[PDB]
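Chemist: Structure for this input, please:
(chains A and B)
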Amino acid sequence: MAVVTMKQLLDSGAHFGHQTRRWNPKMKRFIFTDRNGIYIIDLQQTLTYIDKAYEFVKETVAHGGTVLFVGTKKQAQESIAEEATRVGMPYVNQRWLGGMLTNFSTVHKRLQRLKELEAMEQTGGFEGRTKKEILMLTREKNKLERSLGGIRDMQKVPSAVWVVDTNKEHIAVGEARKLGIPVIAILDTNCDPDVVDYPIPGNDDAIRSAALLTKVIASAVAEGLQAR
RNA sequence: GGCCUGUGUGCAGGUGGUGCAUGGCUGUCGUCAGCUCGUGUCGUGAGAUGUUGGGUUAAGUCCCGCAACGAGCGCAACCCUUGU
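Modeler: Numbers count the residues shown, from 1 in each chain, chains lettered A, B, ... in the order given. The structure is reproduced below:
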């Protein structure tokens, strides 16, 4: 099953990898040809793995599951956040707090405090406290809001995790593999293929490629959720 | 029965000993800013992380970074006096 054409991936800059000094040697089965110090990824393998990943995510969300959108690099932050908000899944955009999946019982209390803070703001009580403590509450609210945005709606813990640039986000993929959750990720030439259960070859550093692939998986989630 | 006088019987009474058996109270490092815990992670383990780095402060005071996220006893505040 395919959604985006080989030519769309070609002019989207999806086959451009990193240099020949940083490649993970396990990606010799993805890398297709070397041209001018850039490793070029195999598009046929890309679409075979895209078929596999699409089937997996569709099955998961059609059974009633959640897909975590994880992105920290500036190229993927805005795109991932926008598409996750538009479809209705939890997302991570700014920074991954260590121990959010494997330690949810603790970080969920921070979400409870976010509920409490927003609820006490909605009551409108401002001048009933110290005018310094109110400011401290406001920056505390800003911190929690900028830290936890999709996990705010997430609650009942994820079913699969979709991550961009595994190499940057090693903490998330490690926690997911520790919990036994399958990992869906985009892989550049410097990302280990063995630590991703459902890999999609791709370029992580380009905003065009990031947006295209992550919106592909968002569309998959949308169709599967509609299939519920 | 209240009451003491007696003879005894228990017994009282010990500023007698051990602060190297103790409780309680107090000095001291020092009113110095530090000391820890929960869950998570790393290590076979003792343990480490957090509490490290940059900046700032009277201060582990606070901000920004970070496999950590929080919390407690401390700092500050609430109390009295003095200045309008």
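Chemist: how about whichever helix or strand residue A:45 is part of: buried residues?
Modeler: Per DSSP states H and E: residue A:45 is located in helix A:43-62. Neighbour-count burial for helix A:43-62 flags A:43, A:45-47, A:49-50, A:53-54, A:56-58, A:60-61 (criterion: 16 or more other C-beta atoms under 10 Å). C-betas here are computed from N, CA, C, even on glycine.
Chemist: Between those residues, which sits nearest RNA strand B?
Modeler: Proximity of the buried residues of helix A:43-62 to RNA strand B (C-beta to the nearest atom of the strand) peaks at residue A:60, which lies at 22.9 Å.
Chemist: neighbouring contacts of stretch A:32-44?
Modeler: Residues outside stretch A:32-44 that contact it (C-beta atoms under 8 Å, 6 or more residues apart in numbering): A:6, A:9-10, A:14-20, A:23, A:27, A:30-31, A:189, A:201-203.
Chemist: Looking at those, which are in strands?
Modeler: Among the contacts of stretch A:32-44, the members falling in strands (DSSP state E) are A:31, A:201.
Chemist: Just the buried subset of the contacts of stretch A:32-44, please.
Modeler: For those, buried by 16+ other C-beta under 10 Å: A:9, A:14-18, A:23, A:27, A:30-31, A:189, A:201-203.
Chemist: Show the end-to-end separation of stretch A:65-78, please.
Modeler: 24 Å (C-alpha to C-alpha, to the nearest Å).
Chemist: still on that earlier bit, check the contacts of stretch A:32-44 against RNA strand B, which are close?
Modeler: For RNA strand B, no contacts are drawn from those by C-beta under 7 Å from any atom of the strand.
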